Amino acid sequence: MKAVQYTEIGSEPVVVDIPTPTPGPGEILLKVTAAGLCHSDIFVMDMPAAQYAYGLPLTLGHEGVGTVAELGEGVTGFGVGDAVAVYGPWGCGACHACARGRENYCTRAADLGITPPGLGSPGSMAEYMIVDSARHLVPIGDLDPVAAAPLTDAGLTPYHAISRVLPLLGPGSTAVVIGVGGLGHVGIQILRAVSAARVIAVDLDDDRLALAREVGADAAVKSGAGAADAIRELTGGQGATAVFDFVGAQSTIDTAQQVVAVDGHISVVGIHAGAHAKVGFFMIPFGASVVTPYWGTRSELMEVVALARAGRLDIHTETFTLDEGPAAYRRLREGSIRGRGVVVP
C-alpha cells in the first residue's frame, strides 16, 4: 500500500510502501478517493524536533474522503462503497462538548491521546485509511471526491469561524477575508451563501485577488500598508463588521484591528508562530471580540457538504498522483497552487 509520510525532522516527506491496515471493532476502512493538502501540514513539518509531537513516521493528510472498503466487527449504518468524508478533529465522543458535536473543542482529547488523522493518527494520503469511529463519517452521495476532500478543512474551518458570529453578518454588514488560498477562496463563498454580507478580499498576490472576484468577492484589496485605509475607504468611517484573517501574521492582525468595527469580531484563523492580537483598551474598538477558532463541529461539516451538494461552493483544486505527493508540498510551500491541492490515490 502506497502512502506519503513524514519520516525525518526537517526532511521532505517521502513516498513509502507500508501495510494495508484492517479495521478493529468499531473502525471503518476507506479506499481513499481524494486527499487534500493543507498549509497546516507544512507548519508541522517545519516544527523542530523539540516541539514536534506527532509520531514518526506519520502518514499525512487531514483532509480526507473515500469509500467504505471494509467494516470492523459490529459497525452499522454504513454499506461497503457508500461515499464519505472524514470529520477530522476527533474527540472523546462523551464530554459536554462532544455531545453537541463540538469534538474540536473536546475537553478530554489531549488526556486520552486522541489525535486527528494526519496529525498523530495515520492520515489520508495513502490508498486506504482507517477511521476510528462511524460518527466521524459524513455521507457525500454522488459528490465529486476531488472537490469534496477540501470541504473537510478548507471548508469546515472557515464555516466554523463564520458560524461563531453569523448573527452579526446581517444586511449592511461587511466581512473581510485575508488570504485567498485553500481556506480563503472557500471562505468568501460561504459568506455569500449563508449571509447578506458585503465581502472584501485581501491578498498579497494580484492573481489571488482575481480568484477572489472569481468566487464571489464584492471588492478586492491589495495587502500591505495601504490595506487598512483602503478597507475603511470602502466601509465608510464605520469599519468592517468582521475580519477573517486566514493568514494570521502580525501585519494582517494589525490590519485587522485597524479596520474592525465597534462591537465587531476578528477571527485569527491562520497560524504564524508567536503572532497575536492585542486586545486592550485603546488598542481595539470597544466590544470587538477576537478568537482563534479550531477546525469545526459535526453538524457544521454536514452543513458544508449540504452547501457543496446544493452547488453553492465552487472549490478550486489541482490533482496530483501519490508519487507527486512530495512535489505537491514543494508547490504549496512556494505558493503556486491556485486553490487547494488534492492527491487522488
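All residue numbers refer to positions in the sequence shown, first residue = 1.
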Mean CA B-factor: is it higher for 298-306 or for 62-70?
62-70
By the CA temperature factor listed in this entry, which of these ranks top: 287, 48, 280, 293?
48
Relative to the other modelled residues of the same chain, rank the CA B-factor of residue 245 and answer lowest, middle or highest third.
lowest
Ranking the modelled residues of this chain by C-alpha B-factor as given in the entry, is residue 138 in the lowest, middle or highest third?
middle
On the chain's distribution of Cα B-factors, residue 115 falls within the third called middle
Classify residue 79 as lowest, middle or highest third according to the C-alpha B-factor given in the PDB entry, relative to its own chain.
highest
Please place residue 127 in the lowest, middle or highest third of its chain by C-alpha B factor as given in the entry.
highest
